[PDB]
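Novice: Pasting query-v5.cif below, which is mmCIF, C-alpha atoms and all ligand atoms.
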```
data_entry
#
loop_
_atom_site.label_atom_id
_atom_site.label_comp_id
_atom_site.auth_asym_id
_atom_site.auth_seq_id
_atom_site.Cartn_x
_atom_site.Cartn_y
_atom_site.Cartn_z
CA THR A 5 -0.90 8.13 35.32
CA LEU A 6 1.04 8.17 31.98
CA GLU A 7 2.96 11.42 31.41
CA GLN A 8 1.88 13.73 28.56
CA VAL A 9 4.76 15.73 27.10
CA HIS A 10 3.93 18.99 25.34
CA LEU A 11 6.49 19.29 22.56
CA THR A 12 5.24 22.74 21.51
CA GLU A 13 3.98 25.61 23.68
CA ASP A 14 0.58 25.84 21.99
CA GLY A 15 -0.70 22.43 23.15
CA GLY A 16 -0.61 21.36 19.48
CA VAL A 17 1.75 18.34 19.69
CA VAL A 18 1.17 16.32 22.88
CA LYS A 19 3.05 13.01 23.19
CA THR A 20 2.25 10.19 25.63
CA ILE A 21 4.92 7.51 25.92
CA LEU A 22 3.25 4.10 25.98
CA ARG A 23 6.56 2.26 25.96
CA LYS A 24 9.92 3.82 26.78
CA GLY A 25 12.68 3.50 24.24
CA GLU A 26 16.31 2.76 24.90
CA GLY A 27 18.58 5.42 26.44
CA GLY A 28 22.00 6.53 25.16
CA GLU A 29 23.10 8.86 22.34
CA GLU A 30 23.35 5.85 19.96
CA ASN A 31 19.56 5.37 20.47
CA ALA A 32 18.23 8.91 19.75
CA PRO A 33 17.93 9.75 16.00
CA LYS A 34 19.46 12.87 14.43
CA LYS A 35 18.10 15.41 11.94
CA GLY A 36 18.39 14.01 8.41
CA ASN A 37 18.56 10.36 9.59
CA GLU A 38 16.35 7.78 7.93
CA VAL A 39 13.86 6.72 10.66
CA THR A 40 11.85 3.52 10.39
CA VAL A 41 8.48 3.53 12.17
CA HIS A 42 5.13 1.81 12.44
CA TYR A 43 2.10 4.02 12.84
CA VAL A 44 -1.65 4.04 13.00
CA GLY A 45 -3.39 7.33 12.36
CA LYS A 46 -6.96 8.08 13.41
CA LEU A 47 -9.21 11.12 13.67
CA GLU A 48 -9.71 12.20 17.27
CA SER A 49 -13.43 12.93 16.90
CA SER A 50 -14.65 9.79 15.17
CA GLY A 51 -11.72 7.49 15.98
CA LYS A 52 -11.75 6.40 12.34
CA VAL A 53 -8.37 5.13 11.14
CA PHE A 54 -7.33 7.01 7.97
CA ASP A 55 -3.89 5.37 7.45
CA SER A 56 -1.81 2.60 9.01
CA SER A 57 1.57 1.09 8.20
CA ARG A 58 0.60 -1.82 10.46
CA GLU A 59 -2.29 -2.66 8.08
CA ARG A 60 0.28 -2.61 5.25
CA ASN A 61 2.68 -4.75 7.37
CA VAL A 62 5.42 -2.57 5.90
CA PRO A 63 7.47 -0.27 8.19
CA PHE A 64 7.37 3.32 6.97
CA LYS A 65 10.63 5.23 6.41
CA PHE A 66 11.33 8.93 6.22
CA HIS A 67 14.11 11.46 6.60
CA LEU A 68 13.73 13.19 9.95
CA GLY A 69 13.30 16.96 10.14
CA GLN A 70 13.20 17.69 6.48
CA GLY A 71 9.57 18.33 5.84
CA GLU A 72 8.93 14.97 4.17
CA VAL A 73 6.02 14.56 6.61
CA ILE A 74 3.47 16.68 8.43
CA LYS A 75 5.07 18.99 10.97
CA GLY A 76 3.58 17.16 14.00
CA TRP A 77 5.49 14.08 12.84
CA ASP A 78 8.86 15.81 12.52
CA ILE A 79 8.38 17.28 16.03
CA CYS A 80 7.12 14.04 17.62
CA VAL A 81 9.71 11.66 16.12
CA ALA A 82 12.57 14.08 16.98
CA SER A 83 11.69 13.49 20.62
CA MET A 84 11.65 9.66 20.42
CA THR A 85 14.34 7.02 21.03
CA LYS A 86 14.92 3.59 19.52
CA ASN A 87 12.02 1.22 20.41
CA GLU A 88 9.89 3.97 21.89
CA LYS A 89 6.13 3.59 21.30
CA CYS A 90 3.91 6.71 21.77
CA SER A 91 0.46 8.22 21.07
CA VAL A 92 0.64 11.79 19.78
CA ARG A 93 -2.22 14.21 19.46
CA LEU A 94 -1.77 16.79 16.70
CA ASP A 95 -3.86 19.95 16.34
CA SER A 96 -4.74 20.57 12.68
CA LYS A 97 -1.95 23.19 12.54
CA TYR A 98 0.54 20.30 12.84
CA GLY A 99 -1.50 18.03 10.54
CA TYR A 100 -3.32 18.91 7.29
CA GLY A 101 -4.67 22.27 8.45
CA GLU A 102 -7.84 23.99 7.19
CA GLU A 103 -8.27 21.92 4.01
CA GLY A 104 -7.57 18.42 5.28
CA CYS A 105 -6.34 15.70 2.89
CA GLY A 106 -8.69 13.49 0.87
CA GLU A 107 -11.99 12.03 2.08
CA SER A 108 -10.43 10.48 5.15
CA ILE A 109 -9.05 13.69 6.68
CA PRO A 110 -11.54 16.61 6.90
CA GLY A 111 -10.35 20.21 7.32
CA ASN A 112 -9.59 21.23 10.92
CA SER A 113 -9.02 17.65 12.09
CA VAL A 114 -7.17 16.69 15.26
CA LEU A 115 -5.15 13.59 14.45
CA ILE A 116 -4.08 10.90 16.85
CA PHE A 117 -1.14 8.75 15.78
CA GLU A 118 0.33 5.77 17.52
CA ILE A 119 3.96 5.75 16.47
CA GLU A 120 6.65 3.22 17.18
CA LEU A 121 10.24 4.11 16.40
CA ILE A 122 11.76 0.78 15.19
CA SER A 123 15.23 1.88 14.07
CA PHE A 124 17.13 4.59 12.31
CA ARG A 125 20.32 5.00 10.27
CA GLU A 126 22.23 7.85 8.65
CA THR B 5 8.57 13.63 -30.92
CA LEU B 6 8.93 12.14 -27.37
CA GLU B 7 6.76 9.05 -26.82
CA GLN B 8 3.87 9.23 -24.34
CA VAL B 9 3.11 5.90 -22.68
CA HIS B 10 -0.38 5.36 -21.32
CA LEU B 11 0.08 3.16 -18.26
CA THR B 12 -3.68 2.86 -17.67
CA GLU B 13 -6.51 2.55 -20.21
CA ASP B 14 -8.38 5.63 -19.00
CA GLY B 15 -5.72 8.17 -20.03
CA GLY B 16 -5.20 8.87 -16.31
CA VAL B 17 -1.47 8.06 -15.96
CA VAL B 18 0.51 9.19 -19.02
CA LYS B 19 4.32 8.94 -18.82
CA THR B 20 6.82 10.69 -21.11
CA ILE B 21 10.39 9.46 -20.82
CA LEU B 22 12.74 12.43 -20.83
CA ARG B 23 15.79 10.28 -20.23
CA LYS B 24 15.94 6.52 -20.73
CA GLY B 25 17.07 4.40 -17.83
CA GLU B 26 19.37 1.42 -17.96
CA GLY B 27 18.15 -1.90 -19.40
CA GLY B 28 18.44 -5.35 -17.78
CA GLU B 29 16.46 -7.12 -15.05
CA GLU B 30 18.96 -5.84 -12.41
CA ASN B 31 17.84 -2.27 -13.37
CA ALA B 32 14.01 -2.57 -13.12
CA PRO B 33 12.64 -2.36 -9.52
CA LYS B 34 10.30 -4.97 -8.02
CA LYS B 35 7.12 -4.67 -5.94
CA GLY B 36 8.04 -4.03 -2.31
CA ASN B 37 11.53 -2.68 -3.15
CA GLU B 38 12.68 0.57 -1.60
CA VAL B 39 12.93 3.04 -4.52
CA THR B 40 14.90 6.26 -4.25
CA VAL B 41 13.69 9.13 -6.45
CA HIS B 42 13.83 12.86 -7.01
CA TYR B 43 10.62 14.57 -7.99
CA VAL B 44 9.02 17.90 -8.63
CA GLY B 45 5.25 18.07 -8.49
CA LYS B 46 3.19 20.85 -10.05
CA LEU B 47 -0.45 21.52 -10.85
CA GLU B 48 -1.16 21.20 -14.55
CA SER B 49 -3.45 24.24 -14.73
CA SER B 50 -1.38 26.85 -12.93
CA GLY B 51 2.03 25.17 -13.16
CA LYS B 52 2.52 25.97 -9.48
CA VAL B 53 4.93 23.60 -7.75
CA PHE B 54 3.29 22.10 -4.64
CA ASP B 55 6.16 19.79 -3.55
CA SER B 56 9.72 19.00 -4.59
CA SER B 57 12.41 16.70 -3.23
CA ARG B 58 14.90 18.67 -5.35
CA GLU B 59 14.11 21.81 -3.31
CA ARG B 60 14.79 19.73 -0.18
CA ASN B 61 18.00 18.33 -1.79
CA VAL B 62 17.03 15.05 -0.16
CA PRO B 63 16.15 12.02 -2.35
CA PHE B 64 12.73 10.64 -1.44
CA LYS B 65 12.34 6.93 -0.63
CA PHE B 66 9.29 4.70 -0.64
CA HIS B 67 8.26 1.07 -0.87
CA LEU B 68 6.99 0.38 -4.36
CA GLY B 69 3.45 -0.91 -4.92
CA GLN B 70 2.28 -0.83 -1.37
CA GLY B 71 0.08 2.18 -1.26
CA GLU B 72 2.60 4.37 0.58
CA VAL B 73 2.04 6.96 -2.18
CA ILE B 74 -0.70 8.16 -4.48
CA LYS B 75 -1.76 5.51 -6.97
CA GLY B 76 -0.37 7.40 -10.00
CA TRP B 77 3.05 7.12 -8.36
CA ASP B 78 2.90 3.38 -7.75
CA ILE B 79 1.84 2.88 -11.40
CA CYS B 80 4.41 5.30 -12.88
CA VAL B 81 7.45 4.14 -10.86
CA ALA B 82 6.61 0.45 -11.54
CA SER B 83 7.24 1.21 -15.20
CA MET B 84 10.62 2.93 -14.70
CA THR B 85 14.21 1.63 -14.73
CA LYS B 86 17.33 2.73 -12.89
CA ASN B 87 18.33 6.30 -13.96
CA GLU B 88 15.16 6.88 -15.91
CA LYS B 89 13.82 10.46 -15.78
CA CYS B 90 10.14 11.05 -16.79
CA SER B 91 7.22 13.53 -16.67
CA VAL B 92 3.94 11.91 -15.66
CA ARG B 93 0.50 13.44 -15.92
CA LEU B 94 -1.97 12.13 -13.34
CA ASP B 95 -5.73 12.64 -13.51
CA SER B 96 -7.13 13.46 -10.06
CA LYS B 97 -8.31 9.82 -9.77
CA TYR B 98 -4.63 8.83 -9.51
CA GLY B 99 -3.76 11.84 -7.32
CA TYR B 100 -5.75 13.35 -4.41
CA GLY B 101 -9.18 13.00 -6.01
CA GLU B 102 -12.23 15.18 -5.31
CA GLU B 103 -10.97 16.73 -2.06
CA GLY B 104 -7.37 17.54 -2.94
CA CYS B 105 -4.73 17.82 -0.20
CA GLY B 106 -4.01 21.06 1.67
CA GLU B 107 -3.96 24.55 0.17
CA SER B 108 -1.50 23.59 -2.53
CA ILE B 109 -3.60 20.82 -4.13
CA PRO B 110 -7.24 21.75 -4.91
CA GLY B 111 -9.90 19.07 -5.46
CA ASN B 112 -10.03 17.65 -9.00
CA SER B 113 -6.43 18.62 -9.79
CA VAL B 114 -4.36 17.13 -12.61
CA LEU B 115 -0.83 16.74 -11.29
CA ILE B 116 2.34 16.77 -13.31
CA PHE B 117 5.38 15.16 -11.70
CA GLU B 118 8.90 15.01 -12.98
CA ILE B 119 10.33 11.85 -11.47
CA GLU B 120 13.83 10.50 -11.62
CA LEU B 121 14.47 6.95 -10.45
CA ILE B 122 17.93 7.15 -8.80
CA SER B 123 18.29 3.66 -7.32
CA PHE B 124 16.44 0.91 -5.56
CA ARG B 125 17.17 -1.95 -3.16
CA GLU B 126 15.22 -4.79 -1.55
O1 LIG A 201 0.64 13.63 3.11
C1 LIG A 201 1.63 14.21 2.71
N1 LIG A 201 2.80 13.79 3.18
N2 LIG A 201 2.61 12.69 4.08
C2 LIG A 201 2.67 12.62 5.43
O2 LIG A 201 2.96 13.50 6.23
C3 LIG A 201 2.33 11.26 5.99
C4 LIG A 201 0.95 11.34 6.67
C5 LIG A 201 0.46 9.95 7.08
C6 LIG A 201 1.47 9.46 8.11
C7 LIG A 201 2.89 9.41 7.52
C8 LIG A 201 2.92 8.48 6.29
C9 LIG A 201 1.91 8.90 5.23
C10 LIG A 201 0.51 9.04 5.84
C11 LIG A 201 2.34 10.29 4.78
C12 LIG A 201 3.32 10.81 7.06
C13 LIG A 201 1.33 15.32 1.74
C14 LIG A 201 0.79 16.52 2.18
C15 LIG A 201 0.48 17.52 1.26
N3 LIG A 201 0.68 17.31 -0.06
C16 LIG A 201 1.19 16.16 -0.53
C17 LIG A 201 1.51 15.13 0.37
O1 LIG A 202 0.13 12.46 0.66
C1 LIG A 202 -0.02 11.36 1.14
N1 LIG A 202 0.92 10.45 0.86
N2 LIG A 202 1.94 11.03 0.04
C2 LIG A 202 2.20 10.90 -1.29
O2 LIG A 202 1.63 10.18 -2.11
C3 LIG A 202 3.34 11.75 -1.77
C4 LIG A 202 2.77 12.90 -2.63
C5 LIG A 202 3.86 13.91 -2.99
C6 LIG A 202 4.87 13.14 -3.84
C7 LIG A 202 5.44 11.93 -3.06
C8 LIG A 202 6.13 12.41 -1.77
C9 LIG A 202 5.18 13.22 -0.88
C10 LIG A 202 4.53 14.37 -1.68
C11 LIG A 202 4.06 12.26 -0.50
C12 LIG A 202 4.31 10.97 -2.66
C13 LIG A 202 -1.26 11.21 1.97
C14 LIG A 202 -2.52 11.13 1.36
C15 LIG A 202 -3.66 11.05 2.16
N3 LIG A 202 -3.56 11.07 3.50
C16 LIG A 202 -2.37 11.16 4.12
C17 LIG A 202 -1.20 11.25 3.36
#
```
Could you render the structure as structure tokens?
Specialist:
Amino acid sequence: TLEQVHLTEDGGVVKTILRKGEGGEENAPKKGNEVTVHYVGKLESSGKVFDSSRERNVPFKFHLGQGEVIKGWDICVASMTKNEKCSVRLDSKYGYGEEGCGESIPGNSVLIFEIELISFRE
Amino acid sequence: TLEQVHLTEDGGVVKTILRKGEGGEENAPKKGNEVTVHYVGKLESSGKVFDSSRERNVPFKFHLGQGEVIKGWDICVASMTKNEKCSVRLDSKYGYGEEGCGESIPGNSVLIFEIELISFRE
């Protein structure tokens, strides 16, 4: 019943909106903007959480579209609007690829992130 | 001739100040503060740069002391003051450990980061 939006043509970044954000230009973030989000990241296969800003109780901030984050994140957040909450499924291409990252992210891992866009600014 | 400051007792985080920052309480950042830095990260062995905010020409921001970054970074930046520029050598314990992170960071890699603390805020 919830729509799944394919943000790439290879099925590699698939976003499901769990809560719609606010409409209007003033509510969609722009390339380079500092975006403030909460996220929980888990492996698709095991469901094991590898990283969470919610566990930190500190909103995470990055500069949109500049490669400060994995590519699936730049693509997913570019599609979001203020207050939007989503679950995105990232193929390893859009994640940490063949080699993974640390113990908690094996090579060739599909990652599932719940991401809430809290605010942004220039 | 330049001092090397061992910020842990295991030799794992060794900081060399290349340019002294400004003194005074108002110029040392506090746990939880948003710190704005430029960095260039390279592998010690090969010297190959794996990541650089300077190449992005976008200052990188994180929340100090909250595990938003590798542990060597939390330790190193906690010791810095506004405008300080340093080179820190991180044993893999304080980096990406046994498994590394992606192609560009093999397991058991010593990382060398040049880090400039530009500003911070609460
Ligand atoms: O992990 C790297 N950048 N980080 C990222 O893309 C993220 C991945 C997780 C979800 C958000 C916040 C944290 C944890 C950092 C984005 C990285 C990749 C390769 N080499 C060094 C760092
Ligand atoms: O790499 C992760 N967090 N990122 C980090 O600690 C850094 C490492 C590099 C220097 C700064 C800016 C970028 C690149 C992210 C800090 C990470 C580790 C494990 N799992 C997911 C993300």
Novice: List as a PyMOL selection string the protein and nucleic acid residues near residue 87 in chain A, meaning an atom at most 8 Å away when all atoms listed in the file are counted, but skip any in the same chain fewer than 4 places from it.
Specialist: chain A and resi 23-26+120-123
Novice: Do you have, as JSON lines, the list of residues of chain A lying at most 9 Å from ligand LIG 202 (chain A), each with its nearest atom pair and that distance in Å to one decimal, counting only C-alpha atoms and all ligand atoms and ordered by chain then number?
Specialist:
```
{"residue": "A:54", "atom": "CA", "partner": "A:LIG202", "partner_atom": "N3", "distance": 7.1}
{"residue": "A:55", "atom": "CA", "partner": "A:LIG202", "partner_atom": "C16", "distance": 6.9}
{"residue": "A:72", "atom": "CA", "partner": "A:LIG202", "partner_atom": "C9", "distance": 6.5}
{"residue": "A:73", "atom": "CA", "partner": "A:LIG202", "partner_atom": "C9", "distance": 7.7}
{"residue": "A:74", "atom": "CA", "partner": "A:LIG202", "partner_atom": "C17", "distance": 8.8}
{"residue": "A:100", "atom": "CA", "partner": "A:LIG202", "partner_atom": "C16", "distance": 8.4}
{"residue": "A:104", "atom": "CA", "partner": "A:LIG202", "partner_atom": "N3", "distance": 8.6}
{"residue": "A:105", "atom": "CA", "partner": "A:LIG202", "partner_atom": "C15", "distance": 5.4}
{"residue": "A:106", "atom": "CA", "partner": "A:LIG202", "partner_atom": "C15", "distance": 5.7}
{"residue": "A:107", "atom": "CA", "partner": "A:LIG202", "partner_atom": "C15", "distance": 8.4}
{"residue": "A:108", "atom": "CA", "partner": "A:LIG202", "partner_atom": "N3", "distance": 7.1}
{"residue": "A:109", "atom": "CA", "partner": "A:LIG202", "partner_atom": "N3", "distance": 6.9}
```
Novice: With distances taken over all atoms listed in the file, which of B:32, B:95, B:88, B:44 is nearest to ligand LIG 201 (chain A)?
Specialist: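 Closest candidate: B:44.
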Novice: Would you mind aligning chain A to chain B, a least-squares fit over all C-alpha atoms taken in order, and returning the superposed chain as a PDB file with C-alpha atoms, in the frame of the given file?
Specialist:
```
ATOM      1  CA  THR A   5       8.572  13.626 -30.922  1.00  0.00           C
ATOM      2  CA  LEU A   6       8.930  12.144 -27.373  1.00  0.00           C
ATOM      3  CA  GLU A   7       6.765   9.048 -26.826  1.00  0.00           C
ATOM      4  CA  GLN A   8       3.867   9.235 -24.337  1.00  0.00           C
ATOM      5  CA  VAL A   9       3.115   5.900 -22.684  1.00  0.00           C
ATOM      6  CA  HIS A  10      -0.386   5.358 -21.317  1.00  0.00           C
ATOM      7  CA  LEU A  11       0.076   3.161 -18.262  1.00  0.00           C
ATOM      8  CA  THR A  12      -3.681   2.855 -17.668  1.00  0.00           C
ATOM      9  CA  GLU A  13      -6.506   2.549 -20.209  1.00  0.00           C
ATOM     10  CA  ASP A  14      -8.381   5.630 -18.999  1.00  0.00           C
ATOM     11  CA  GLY A  15      -5.723   8.175 -20.033  1.00  0.00           C
ATOM     12  CA  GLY A  16      -5.202   8.862 -16.308  1.00  0.00           C
ATOM     13  CA  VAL A  17      -1.465   8.055 -15.964  1.00  0.00           C
ATOM     14  CA  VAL A  18       0.509   9.199 -19.027  1.00  0.00           C
ATOM     15  CA  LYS A  19       4.314   8.940 -18.820  1.00  0.00           C
ATOM     16  CA  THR A  20       6.814  10.693 -21.106  1.00  0.00           C
ATOM     17  CA  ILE A  21      10.389   9.453 -20.828  1.00  0.00           C
ATOM     18  CA  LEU A  22      12.738  12.437 -20.826  1.00  0.00           C
ATOM     19  CA  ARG A  23      15.794  10.281 -20.228  1.00  0.00           C
ATOM     20  CA  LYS A  24      15.935   6.523 -20.729  1.00  0.00           C
ATOM     21  CA  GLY A  25      17.069   4.399 -17.835  1.00  0.00           C
ATOM     22  CA  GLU A  26      19.364   1.419 -17.956  1.00  0.00           C
ATOM     23  CA  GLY A  27      18.150  -1.904 -19.400  1.00  0.00           C
ATOM     24  CA  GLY A  28      18.448  -5.347 -17.782  1.00  0.00           C
ATOM     25  CA  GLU A  29      16.465  -7.123 -15.042  1.00  0.00           C
ATOM     26  CA  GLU A  30      18.958  -5.835 -12.413  1.00  0.00           C
ATOM     27  CA  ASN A  31      17.838  -2.273 -13.370  1.00  0.00           C
ATOM     28  CA  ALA A  32      14.009  -2.574 -13.119  1.00  0.00           C
ATOM     29  CA  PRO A  33      12.643  -2.368  -9.520  1.00  0.00           C
ATOM     30  CA  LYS A  34      10.298  -4.977  -8.024  1.00  0.00           C
ATOM     31  CA  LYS A  35       7.121  -4.669  -5.946  1.00  0.00           C
ATOM     32  CA  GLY A  36       8.041  -4.028  -2.306  1.00  0.00           C
ATOM     33  CA  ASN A  37      11.534  -2.678  -3.153  1.00  0.00           C
ATOM     34  CA  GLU A  38      12.687   0.566  -1.590  1.00  0.00           C
ATOM     35  CA  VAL A  39      12.928   3.038  -4.524  1.00  0.00           C
ATOM     36  CA  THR A  40      14.902   6.261  -4.258  1.00  0.00           C
ATOM     37  CA  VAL A  41      13.687   9.128  -6.454  1.00  0.00           C
ATOM     38  CA  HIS A  42      13.834  12.859  -7.016  1.00  0.00           C
ATOM     39  CA  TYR A  43      10.616  14.571  -7.984  1.00  0.00           C
ATOM     40  CA  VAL A  44       9.021  17.907  -8.630  1.00  0.00           C
ATOM     41  CA  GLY A  45       5.251  18.075  -8.491  1.00  0.00           C
ATOM     42  CA  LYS A  46       3.194  20.858 -10.052  1.00  0.00           C
ATOM     43  CA  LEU A  47      -0.453  21.519 -10.848  1.00  0.00           C
ATOM     44  CA  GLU A  48      -1.167  21.201 -14.559  1.00  0.00           C
ATOM     45  CA  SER A  49      -3.454  24.242 -14.735  1.00  0.00           C
ATOM     46  CA  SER A  50      -1.387  26.850 -12.928  1.00  0.00           C
ATOM     47  CA  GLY A  51       2.026  25.168 -13.161  1.00  0.00           C
ATOM     48  CA  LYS A  52       2.517  25.969  -9.479  1.00  0.00           C
ATOM     49  CA  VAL A  53       4.939  23.597  -7.752  1.00  0.00           C
ATOM     50  CA  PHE A  54       3.289  22.100  -4.637  1.00  0.00           C
ATOM     51  CA  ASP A  55       6.156  19.781  -3.544  1.00  0.00           C
ATOM     52  CA  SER A  56       9.724  19.005  -4.590  1.00  0.00           C
ATOM     53  CA  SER A  57      12.412  16.707  -3.229  1.00  0.00           C
ATOM     54  CA  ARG A  58      14.897  18.666  -5.351  1.00  0.00           C
ATOM     55  CA  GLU A  59      14.108  21.815  -3.306  1.00  0.00           C
ATOM     56  CA  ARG A  60      14.792  19.722  -0.180  1.00  0.00           C
ATOM     57  CA  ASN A  61      18.006  18.338  -1.789  1.00  0.00           C
ATOM     58  CA  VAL A  62      17.031  15.050  -0.159  1.00  0.00           C
ATOM     59  CA  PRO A  63      16.143  12.021  -2.343  1.00  0.00           C
ATOM     60  CA  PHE A  64      12.728  10.638  -1.443  1.00  0.00           C
ATOM     61  CA  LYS A  65      12.335   6.928  -0.622  1.00  0.00           C
ATOM     62  CA  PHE A  66       9.296   4.696  -0.644  1.00  0.00           C
ATOM     63  CA  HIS A  67       8.265   1.068  -0.865  1.00  0.00           C
ATOM     64  CA  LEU A  68       6.988   0.378  -4.366  1.00  0.00           C
ATOM     65  CA  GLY A  69       3.455  -0.904  -4.916  1.00  0.00           C
ATOM     66  CA  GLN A  70       2.284  -0.836  -1.372  1.00  0.00           C
ATOM     67  CA  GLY A  71       0.081   2.186  -1.262  1.00  0.00           C
ATOM     68  CA  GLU A  72       2.600   4.366   0.579  1.00  0.00           C
ATOM     69  CA  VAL A  73       2.043   6.952  -2.177  1.00  0.00           C
ATOM     70  CA  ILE A  74      -0.706   8.159  -4.478  1.00  0.00           C
ATOM     71  CA  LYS A  75      -1.763   5.508  -6.969  1.00  0.00           C
ATOM     72  CA  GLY A  76      -0.367   7.396 -10.007  1.00  0.00           C
ATOM     73  CA  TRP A  77       3.054   7.130  -8.363  1.00  0.00           C
ATOM     74  CA  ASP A  78       2.900   3.381  -7.750  1.00  0.00           C
ATOM     75  CA  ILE A  79       1.835   2.881 -11.401  1.00  0.00           C
ATOM     76  CA  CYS A  80       4.405   5.299 -12.872  1.00  0.00           C
ATOM     77  CA  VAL A  81       7.445   4.145 -10.860  1.00  0.00           C
ATOM     78  CA  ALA A  82       6.609   0.454 -11.536  1.00  0.00           C
ATOM     79  CA  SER A  83       7.234   1.204 -15.199  1.00  0.00           C
ATOM     80  CA  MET A  84      10.620   2.934 -14.695  1.00  0.00           C
ATOM     81  CA  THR A  85      14.209   1.632 -14.734  1.00  0.00           C
ATOM     82  CA  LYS A  86      17.331   2.738 -12.888  1.00  0.00           C
ATOM     83  CA  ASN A  87      18.332   6.300 -13.950  1.00  0.00           C
ATOM     84  CA  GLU A  88      15.154   6.882 -15.913  1.00  0.00           C
ATOM     85  CA  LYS A  89      13.815  10.463 -15.786  1.00  0.00           C
ATOM     86  CA  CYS A  90      10.137  11.045 -16.793  1.00  0.00           C
ATOM     87  CA  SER A  91       7.224  13.530 -16.671  1.00  0.00           C
ATOM     88  CA  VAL A  92       3.937  11.910 -15.664  1.00  0.00           C
ATOM     89  CA  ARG A  93       0.510  13.436 -15.915  1.00  0.00           C
ATOM     90  CA  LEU A  94      -1.966  12.128 -13.339  1.00  0.00           C
ATOM     91  CA  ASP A  95      -5.732  12.645 -13.512  1.00  0.00           C
ATOM     92  CA  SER A  96      -7.137  13.459 -10.059  1.00  0.00           C
ATOM     93  CA  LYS A  97      -8.312   9.825  -9.772  1.00  0.00           C
ATOM     94  CA  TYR A  98      -4.624   8.837  -9.511  1.00  0.00           C
ATOM     95  CA  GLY A  99      -3.759  11.845  -7.318  1.00  0.00           C
ATOM     96  CA  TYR A 100      -5.744  13.354  -4.414  1.00  0.00           C
ATOM     97  CA  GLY A 101      -9.177  12.996  -6.008  1.00  0.00           C
ATOM     98  CA  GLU A 102     -12.232  15.183  -5.314  1.00  0.00           C
ATOM     99  CA  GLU A 103     -10.974  16.734  -2.059  1.00  0.00           C
ATOM    100  CA  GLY A 104      -7.378  17.537  -2.939  1.00  0.00           C
ATOM    101  CA  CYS A 105      -4.728  17.822  -0.196  1.00  0.00           C
ATOM    102  CA  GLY A 106      -4.013  21.058   1.675  1.00  0.00           C
ATOM    103  CA  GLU A 107      -3.955  24.553   0.170  1.00  0.00           C
ATOM    104  CA  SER A 108      -1.505  23.586  -2.535  1.00  0.00           C
ATOM    105  CA  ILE A 109      -3.592  20.820  -4.129  1.00  0.00           C
ATOM    106  CA  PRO A 110      -7.239  21.752  -4.907  1.00  0.00           C
ATOM    107  CA  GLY A 111      -9.901  19.076  -5.461  1.00  0.00           C
ATOM    108  CA  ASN A 112     -10.023  17.655  -9.003  1.00  0.00           C
ATOM    109  CA  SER A 113      -6.423  18.618  -9.794  1.00  0.00           C
ATOM    110  CA  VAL A 114      -4.364  17.124 -12.608  1.00  0.00           C
ATOM    111  CA  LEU A 115      -0.833  16.739 -11.294  1.00  0.00           C
ATOM    112  CA  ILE A 116       2.342  16.764 -13.308  1.00  0.00           C
ATOM    113  CA  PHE A 117       5.382  15.161 -11.694  1.00  0.00           C
ATOM    114  CA  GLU A 118       8.902  15.008 -12.981  1.00  0.00           C
ATOM    115  CA  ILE A 119      10.331  11.853 -11.471  1.00  0.00           C
ATOM    116  CA  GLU A 120      13.834  10.495 -11.618  1.00  0.00           C
ATOM    117  CA  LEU A 121      14.466   6.954 -10.454  1.00  0.00           C
ATOM    118  CA  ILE A 122      17.939   7.150  -8.790  1.00  0.00           C
ATOM    119  CA  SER A 123      18.288   3.653  -7.322  1.00  0.00           C
ATOM    120  CA  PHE A 124      16.443   0.909  -5.557  1.00  0.00           C
ATOM    121  CA  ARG A 125      17.171  -1.961  -3.161  1.00  0.00           C
ATOM    122  CA  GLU A 126      15.224  -4.787  -1.544  1.00  0.00           C
TER     123      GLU A 126
END
```
Novice: So for ligand LIG 201 (chain A), what box centre and size do we get, axis-aligned, 5 Å extra on each of the six sides, every listed atom, Å to one decimal, as JSON?
Specialist:
```
{"center_x": 1.9, "center_y": 13.0, "center_z": 3.8, "size_x": 12.9, "size_y": 19.0, "size_z": 18.6}
```
Novice: Using all atoms listed in the file, pick whichever of A:52, A:86, A:10, A:58 has the shortest atom-to-atom distance to residue 110 in chain A.
Specialist: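 Between A:52, A:86, A:10, A:58, the residue approaching residue 110 in chain A most closely is A:52.
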Novice: Counting only C-alpha atoms and all ligand atoms, which of A:70, A:61, A:113, A:56 gets nearest to ligand LIG 201 (chain A)?
Specialist: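 Answer, going by the shortest atom-to-atom distance: A:56.
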Novice: At what distance in Å, to one decimal, does CA of residue 42 in chain B lie from CA of residue 64 in chain B?
Specialist: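 Taking CA of residue 64 in chain B as the start and CA of residue 42 in chain B as the end point, the length is 6.1 Å.
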Novice: Could you check the closest approach to ligand LIG 201 (chain A) for each of A:90, A:84, A:17, A:41 and tell me which residue wins, using all atoms listed in the file?
Specialist: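 Nearest to ligand LIG 201 (chain A): A:41.
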Novice: How far is it from CA of residue 20 in chain A to CA of residue 99 in chain A, in Å with one decimal?
Specialist: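 According to the coordinates, CA of residue 20 in chain A and CA of residue 99 in chain A are separated by 17.4 Å.
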Novice: Which residue is closest to ligand LIG 201 (chain A)? Choose from A:76, A:39, A:51, A:85 and count all atoms listed in the file.
Specialist: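 Answer, going by the shortest atom-to-atom distance: A:76.
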Novice: Go through A:125, A:6, A:71, A:114 one by one, measure the shortest atom-to-atom distance of each to ligand LIG 201 (chain A) using all atoms listed in the file, and give the residue with the smallest value.
Specialist: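 Counting all atoms listed in the file, the residue closest to ligand LIG 201 (chain A) is A:71.
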Novice: Which distance in Å separates CA of residue 18 in chain A and CA of residue 62 in chain B, to one decimal?
Specialist: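 Result for CA of residue 18 in chain A versus CA of residue 62 in chain B: 28.0 Å, one decimal.
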